[PDB]
Each structure stands twice: as C-alpha cells, then as structure tokens.
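Inspection log for the structure reproduced underneath, given as structure tokens.
The chain is numbered in sequence order, starting from 1.
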Amino acid sequence: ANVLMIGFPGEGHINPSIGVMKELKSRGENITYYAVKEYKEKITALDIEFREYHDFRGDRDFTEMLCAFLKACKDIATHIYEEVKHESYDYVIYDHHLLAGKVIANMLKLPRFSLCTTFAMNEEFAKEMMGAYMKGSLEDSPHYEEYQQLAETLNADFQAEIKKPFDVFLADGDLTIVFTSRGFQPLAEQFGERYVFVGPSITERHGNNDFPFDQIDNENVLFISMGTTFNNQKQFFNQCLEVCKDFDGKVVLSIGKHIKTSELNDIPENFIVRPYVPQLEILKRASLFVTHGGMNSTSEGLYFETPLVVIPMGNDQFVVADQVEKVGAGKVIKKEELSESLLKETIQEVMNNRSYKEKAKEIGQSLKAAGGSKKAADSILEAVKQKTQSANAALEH
Ligand SMILES: O=c1ccn([C@@H]2O[C@H](COP(=O)(O)OP(=O)(O)O)[C@@H](O)[C@H]2O)c(=O)[nH]1
C-alpha cells in the first residue's frame, strides 16, 4: 500500500518511527516520510522517499505554545497537501504531537494512525509535561484570544477538530501507537484499546559504524548523555570529566551538537567524547546509563536492562524520572542536589548493584513483551485491512 508518514521536528520523535517504517516497508509498503532537513539522513538511510516542511523550532507560556503549534499546523498542512493532493495514498501515519498530520489525513479522507513518543496523555496530565506553565488564569494569558481565533479558523478551513487546548498537542489517530508498556505507563487503565502499548521501537539506525566498538567491547562501559535538546550543559560534562576519570573501564560521553569537545576541560585517557553516538549499540555494551530522563533514552536503557541514574531537567523528564524511581530500575538526582560528590556516590551505588539490575531486568522485560515495531505493524495493517474491506464494500452502488 502507499503510506504518507508526517514526522515531528525532534530526534526522540523520529527515532521510534524508524522501527515502524522499516517493519512496514519489509511487508510491501511504499512510504513517503515528511520531516525537517536536520533528520534527513535518518530517513534517507532506510531508502524511503524523504520530503521537507519548514522547521518551526528555528522560527513555555501554554497559550503561546498552542498558537505557535497552530501557526505551524496551518503552514505544514498547506505545504504538504499542495504536494500530495494528486498522489494515491492508502493511509497516513504521523507524530501524535503534530496536529497537521490529522489535518492532512482529513484532507485526503484516509485512515490515520498517531505514534506517541512520550507517555500517553489525557486531561489528567499537567501542561508542565509538554513543557508549559500558566502564570494565573487562562483568560489573562497573552495569546488566549489568538488561540480562540486560530483554533476556530483551523476547525472551519482545515477540519482540525479542536474541541479543547490539549487537542492541539495530542492528535489521536484511529489508533495511537505508544512506545511504552501499560506496565510503565502511569494511569495505563485510563487508555482504551485504540491506545496500542507496543513498548520501545528498537532497530539498527545508520551512522553507527564510525564509533570504535573494539575499544569498549570487552570492557566495563559507563554511558552519559543529557539528550539532544537540553544544552547549558558544558558545566555538567566538566563535572563528568572529574567524577569518572578513575573509572575502571571506558566512559562514553555524548555532549550533543552545540558544544565543541575542545571547549570542555581535559578529557581523561579513558573517555570517548562525541557530539553523537550510536546510543542503541552503546547501551548494548553499557553497565550503567547516566541520562536526563528523556522518554526514549530512559526506555532504550531499560530495554537493554541497563540500571540508570536520571538527572531530569525539563518537559516529561520529571514524570519519567519518577517512573524509574517507582519501578526500582534507577536513582534520581534533583538538579538542585546535583554535585560532583552526589554524582560520584550515586554512580558508585548503582554500578553493579544487584537490586537496580534485577528491577531494570523486570521493567526491561515488561517493555520487550509489548511486541515493539512488529506489534505496531500488525496493529496498523490490521486496522487498514478492516477499513479497506469495509470501504471496499462499495459493491452496492
Ligand atoms: O548521542 C546520542 C544522543 C541521543 N540519541 C538518541 O536521541 C533520542 C533522544 O530522545 P530523548 O527522548 O531521550 O531526549 P530528547 O533529546 O528528546 O530530550 C534517543 O532516541 C537517543 O537514542 C542518540 O542516538 N545518540
């Protein structure tokens, strides 16, 4: 079948969608993936028709974020529809957090599926998990009346079916694939059968082979990454250089793309410091993961039964951090308590710790049991089959 896929601008969005595209393609499907230019190689790598839309990141108040996401919906929906209108697609997949995806699905009159790369969210989750506060009342919010104008226009002119603010950021398809298990998902019981909890979507990405695996293959490996988004971090990597310099093995520091490695302090002789690592392959070989608590890093780590130390900074990280504390699989350091000493003690406590390893194994196994990129494909293709046979029953007119 012909599949329109519309991604969201961020690596933690794109990465889990790779497994599902790769599973769908190896089953006969031709895919057209829309993303921002940054992540092209990640899609070209799969041998999948790549296409672009304006990166709206390069251009925290709740009502402003609603309006930015509606401006972008309108631009993406217009741009993408202009290009796809004459093409023959059988269904659309899109990032749960990209409303334009649901709008494209409505303009093509096709079956659609959302991929949720965070925990599943309903009205019982705080705005703060999507990285927004309100100072006081919604009325006195600066973009309040703008939100009411744009939502209204997108409903009338774009079939955006926005009944509620949260519908801007949580765009349910006919199904919502969620990349966690009901086990790990807080308030799992509040999500019906249209939420398919498939756990993490793990498969070889391309770019991996450059890293020297032979240096870490028969060694203890401490892996550290604060993600792909939380910079302001040169301070923290400097602290990692001092805390871990006498580690008895290899320390793999992924510092991200906005900090030159020469801008840090002296690298000890036992460190491999890169802007980007093949995280899946590093986790395969890692004893311990010091992570920011990003949904994907956290659930990639547990998938490899890696005990964690989680230093959460923003967005959903507090909620995922707390889920790691809850299931026994790791230990959280609050930013306010972060110090070289407490970083060193926390790593020494969790390294090789029988109790953290057991609990990491349990939740790791809950997450694998959810069926992964494979389950995402069975569930989607089966929904498509039923709606095709349903709609293909135009043998009355
Ligand atoms: O050096 C790195 C750093 C990050 N990642 C990937 O980037 C994504 C980060 O998503 P997460 O939800 O953990 O954090 P965010 O960066 O979105 O805060 C994950 O799939 C990681 O495997 C990677 O491959 N190599």
So which atom in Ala160 and which in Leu99 form the shortest heavy-atom distance, rounded to 0.1 Å? O-CD1, 3.7 Å

Side-chain donor/acceptor of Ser201 to backbone N/O of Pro16, under 3.5 Å: yes

Report, one line per pair, each donor and acceptor closer than 3.5 Å where one atom sits in a side chain of residues 221-238; sequence neighbours left out.
| from | atom 1 | to | atom 2 | distance (Å) |
| --- | --- | --- | --- | --- |
| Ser225 | OG | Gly227 | N | 3.1 |
| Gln233 | NE2 | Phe230 | O | 2.8 |
| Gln233 | NE2 | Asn231 | O | 3.3 |
| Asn238 | OD1 | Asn265 | N | 3.1 |

Check the hydrophobic clustering (I, L, V, M, F, W, Y; side-chain heavy atoms under 4.5 Å; chains of links allowed) and say if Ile216 and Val290 are grouped together. no

Hey, are the side chains of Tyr34 and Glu83 touching, using non-hydrogen atoms and a 4.5 Å cut-off? yes

Considering all heavy atoms, the nearest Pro9-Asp55 contact: CB-OD1, 4.0 Å

I'd like to know if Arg51 and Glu82 make a salt bridge, using a cut-off of under 4.0 Å between side-chain N and carboxylate O. no

Any side-chain heavy atom of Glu38 sitting closer than 4.5 Å to one from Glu11? no

Please table the atom pairs, donor to acceptor, closer than 3.5 Å between any side-chain atom in residues 309-320 and protein atoms at least two apart or in another chain.
| from | atom 1 | to | atom 2 | distance (Å) |
| --- | --- | --- | --- | --- |
| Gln317 | OE1 | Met313 | N | 3.0 |
| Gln317 | OE1 | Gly314 | N | 2.8 |
| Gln317 | NE2 | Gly314 | O | 3.2 |

Please determine if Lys40 forms a cation-pi arrangement with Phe50, meaning its NZ or CZ atom is less than 6.0 Å from the six-membered ring centre and no more than 45° off the ring axis. no

To check you understand the geometry: which heavy-atom pair defines the closest contact between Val350 and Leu288, and what is its length? CG1-CD1, 3.3 Å

Tabulate below the donor-acceptor pairs under 3.5 Å that side-chain atoms of residues 250-262 make, not counting sequence neighbours, or state none.
| from | atom 1 | to | atom 2 | distance (Å) |
| --- | --- | --- | --- | --- |
| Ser254 | OG | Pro275 | O | 3.4 |

Salt bridge present between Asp378 and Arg27 (N-O < 4.0 angstrom): yes

Looking at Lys25, I'd like to know if its NZ atom is crowded, meaning that more than 12 non-hydrogen atoms belonging to other residues, nucleotides or ligands lie closer than 6.0 Å. yes

Working to the nearest 0.5 Å, report the span between CZ of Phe125 and NZ of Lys127. 15.0 Å

Is it true that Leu302 and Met351 fall in one hydrophobic cluster, defined by side-chain heavy atoms closer than 4.5 Å? no

N/O donor-acceptor pair under 3.5 Å between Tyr53 side chain and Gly7 backbone: yes

Got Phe271 and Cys244 here, is their nearest side-chain heavy-atom distance under 4.5 Å? yes

Show every donor-acceptor pair shorter than 3.5 Å between a side-chain atom in residues 327-349 and any protein atom, with sequence neighbours excluded, or say none if there are none.
| from | atom 1 | to | atom 2 | distance (Å) |
| --- | --- | --- | --- | --- |
| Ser339 | OG | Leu342 | N | 3.1 |
| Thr346 | OG1 | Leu342 | O | 2.7 |
| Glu349 | OE2 | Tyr356 | OH | 3.3 |

Nearest-0.5 Å distance, OG1 of residue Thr32 to CD of residue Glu49: 4.0 Å

Closest contact, heavy atoms only, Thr118 versus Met130: CG2-CE, 4.3 Å

Set of residues satisfying salt bridge (charged side-chain N to carboxylate O under 4.0 Å, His left out) with respect to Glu124, sequence neighbours excluded: none

In short, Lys374 meets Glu23 closest at the heavy-atom pair CA-CG, 3.9 Å

Residue list, ring-ring contact (aromatic ring centres under 6.0 Å, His included) with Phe113, at least two apart or on another chain: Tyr91

Hydrophobic clustering (ILVMFWY, side-chain heavy atoms < 4.5 Å, transitive) - are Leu283 and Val273 grouped together? no

Distance-only, no hydrogens or angles: does the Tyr144 side chain make a donor-acceptor pair with backbone N or O of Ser137 under 3.5 Å? no

Intermediate values then yes/no, salt bridge (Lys or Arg N to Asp or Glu O under 4.0 Å), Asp59 and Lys71: CA-CA 11 Å; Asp59 263 59; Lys71 282 174 186 108; over 6 Å; no

For the pair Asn155 (side chain) and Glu161 (backbone), establish whether a donor and an acceptor sit closer than 3.5 Å, ignoring hydrogens and angles. yes

Residues two or more places apart in sequence or in another chain: which of them pass ring-ring contact (aromatic ring centres under 6.0 Å, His included) with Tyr81? none

With sequence neighbours left out, what residues match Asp322 under salt bridge (charged side-chain N to carboxylate O under 4.0 Å, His left out)? none

Heavy-atom side-chain proximity of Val277 to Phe211 below 4.5 angstrom: yes

Which is it for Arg354 and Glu358 under the salt bridge (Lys or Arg N to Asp or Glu O under 4.0 Å) test, yes or no, and what are the steps along the way? CA-CA 6 Å; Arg354 186 171 286 191; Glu358 275 174 15; 5.7 Å; no

Salt bridge flag under 4.0 Å for residues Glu269 and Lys245: no

If hydrophobic clusters are built by linking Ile, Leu, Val, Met, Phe, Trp and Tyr wherever their side-chain heavy atoms come under 4.5 Å apart, do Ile272 and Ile267 end up in the same one? no

Flag the pair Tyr147 / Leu70 as yes when at least one side-chain heavy-atom distance between them is below 4.5 Å, and no otherwise. yes

Please tabulate, for side-chain N and O atoms in residues 181-188, each donor-acceptor pair with protein atoms closer than 3.5 Å (sequence neighbours left out).
| from | atom 1 | to | atom 2 | distance (Å) |
| --- | --- | --- | --- | --- |
| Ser181 | OG | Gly183 | N | 3.4 |
| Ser181 | OG | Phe184 | N | 3.1 |
| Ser181 | OG | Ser366 | OG | 2.8 |
| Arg182 | NH1 | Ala188 | O | 3.1 |
| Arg182 | NH1 | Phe191 | O | 3.0 |
| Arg182 | NH2 | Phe191 | O | 2.9 |
| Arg182 | NH2 | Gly192 | O | 3.0 |
| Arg182 | NH2 | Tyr195 | O | 3.2 |
| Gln185 | OE1 | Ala120 | N | 2.9 |
| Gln185 | NE2 | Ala120 | O | 3.0 |

Hey, does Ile48 have a side-chain heavy atom less than 4.5 Å from the side chain of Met5? no

Backbone N or O of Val20 within a donor-acceptor pair of the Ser373 side chain at under 3.5 Å? no

Summary of salt bridge (charged side-chain N to carboxylate O under 4.0 Å, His left out) pairs that have at least one residue in residues 95-117, sequence neighbours excluded: none

Contacts of type ring-ring contact (aromatic ring centres under 6.0 Å, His included), residue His13, not counting sequence neighbours: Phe8, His97

Determine, using ring centers only, whether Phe62 and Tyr133 are less than 6.0 Å apart. no

Set out, in order, the CA-CA distance, both residues' side-chain angles and the distance that settles salt bridge (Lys or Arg N to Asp or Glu O under 4.0 Å) for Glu123 and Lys164, then state yes or no. CA-CA 10 Å; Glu123 306 197 32; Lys164 192 287 187 83; 3.3 Å; yes

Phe197 side chain reached by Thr180 side chain, heavy atoms, under 4.5 Å: yes

Is there a donor-acceptor pair closer than 3.5 Å between any side-chain N or O of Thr78 and the backbone N or O of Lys74? yes

Could you name each residue pair satisfying side-chain hydrogen bond (donor to acceptor under 3.5 Å, both in side chains) that touches residues 285-305, not counting sequence neighbours? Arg205-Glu300, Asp217-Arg285, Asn220-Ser287, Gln279-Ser297, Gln279-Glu300, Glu305-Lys368

Is there side-chain contact between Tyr33 and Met21, with heavy atoms separated by less than 4.5 Å? yes

Evaluation steps, side-chain hydrogen bond (donor to acceptor under 3.5 Å, both in side chains), between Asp172 and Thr176: CA-CA 6 Å; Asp172 295 78; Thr176 303; 3.2 Å; yes

